[PDB]
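What follows is a single chain, given as C-alpha cells, in the form solved without the partner chain.
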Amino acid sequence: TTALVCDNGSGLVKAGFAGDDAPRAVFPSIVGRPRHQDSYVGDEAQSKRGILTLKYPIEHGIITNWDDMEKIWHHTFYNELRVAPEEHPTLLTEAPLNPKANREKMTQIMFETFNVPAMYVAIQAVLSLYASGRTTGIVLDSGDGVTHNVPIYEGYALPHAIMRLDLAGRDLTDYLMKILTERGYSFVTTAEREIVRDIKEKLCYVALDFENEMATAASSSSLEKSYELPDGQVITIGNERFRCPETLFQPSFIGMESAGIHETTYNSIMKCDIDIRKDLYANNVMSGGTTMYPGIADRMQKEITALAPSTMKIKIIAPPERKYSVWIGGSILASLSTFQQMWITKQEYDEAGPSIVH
C-alpha cells in the first residue's frame, strides 16, 4: 500500500516513499556511455564520468529521450529504491506546460513497461506550493535546466499565466566557467564543470542592488572569497560571486533576450484575474536548487515591490528545504486520504489507454 514519489528533474532525480519527509534517493539524471569503442545510469555514470559521454534524458524539464528515461526509471525502482514497481502506486512529476502527448507516454511506460498498479502525474510547481502549506500562491521554480513562474489558485495552476525562462542552474555554472576561463583558469571537461558548479553553490549570491555591489567590489576586497581547487590551486572571486546569479535578473548577461525572473513573476501575476492578485503577491513561494542563493528572496522582494502597486503587501517565502520542495509536496499529496481516489488504476488504463491521464 506504500506509494512511490519520483520527481524527475533535468539534473537530479529525487525519489522515495510517500509519507517520508525527504527523498530516499537523490542522484544525477544521466545515462553514461563509453567515449571509445552498454550503459551507466545515475551515480554509476558519475563515478565513471571520466570515461563516459553523458546524456540528460530531460531537457528544460521536458523528457526528450524516452529510451534513456526508461533506463532512469528502471534504475530508480530496482537499484535505488529497491522495489518491484508492479507493487506500488507511483506519483510522477512533470514540468509546467508539459505537452499532453508526453504525459501520455509517461503513462504508457509506467503501466506497460513497469506494470505499476496505479499512477498519477502532478505539476512540480504545484507540489512545491502544497509543501509550504498553501493551495494559493505563485511559485518560482528554478532548477538545473528551466525556470517557471506558476500562479496557482485554490489548488490548481492557471496555465494561461505560466511563464517560462529557459535559463537555470546549469546556465549559471556555464557562465561562471566562462568568467573563470577568461581569468586564466581552464574549466573544460565534465569533471571541471562540476568543480565550477560547486564553486557556484558555495560562494555565489544575489546582490540586493547590483550597481552598489559592483561599486563595493571595485573599491574594497570585502566581498572576496577563496576556493581551493582539487589540484591545490586557490582561486579568489569577488564580483564573480554575484555577477553569475545576476543573470537570473539580467538574462542578457548570457546573450538571452528574455525578461528576468522578477519581470516574469510580475508578468505572471498580471496575467491573473485582478481579484486574486493580492493573494499571489502575498504568497510568492520559491522552489528549486537555483533559488538557494543567499539574497535571492530579498532581491525578489525589492524588485516586485518596485513593480507592484504602491499599497500591495508583498511576501517571498523561501523554505530551507526548497531543494526538495517538489518531492515533499508529492509525498504529502500521495499520502493524503483525499488523493487516493485520484490515482489512475491499471484497470482504468487497460480500458481507456494513455489518454486517461488528462
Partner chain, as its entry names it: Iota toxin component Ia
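We call the rigid core the largest set of C-alpha positions that still match within 1.5 Å between the two forms. Numbering follows the first chain given and starts at 1.
Heads up, the form deposited with the partner chain bound isn't pictured, but that's what we're talking about next.
- Interface membership of residue 90, defined by any non-hydrogen atom within 4.5 Å of the partner chain in the deposited bound form, is ruled out.
- Although the partner is absent from this view, residue 176 stays clear of the partner chain in the deposited bound form, with no non-hydrogen atom inside 4.5 angstroms.
- Taking non-hydrogen atoms only, residue 172 never approaches the partner chain to within 4.5 angstroms in the deposited bound form.
- In the deposited bound form, the partner chain lies beyond 4.5 angstroms of every heavy atom of every residue of 303 to 326.
- The only C-alpha among 307, 62, 26, 52 that moves by 2 Å or more between this form and the one not shown, given a superposition on the rigid core, is that of 52.
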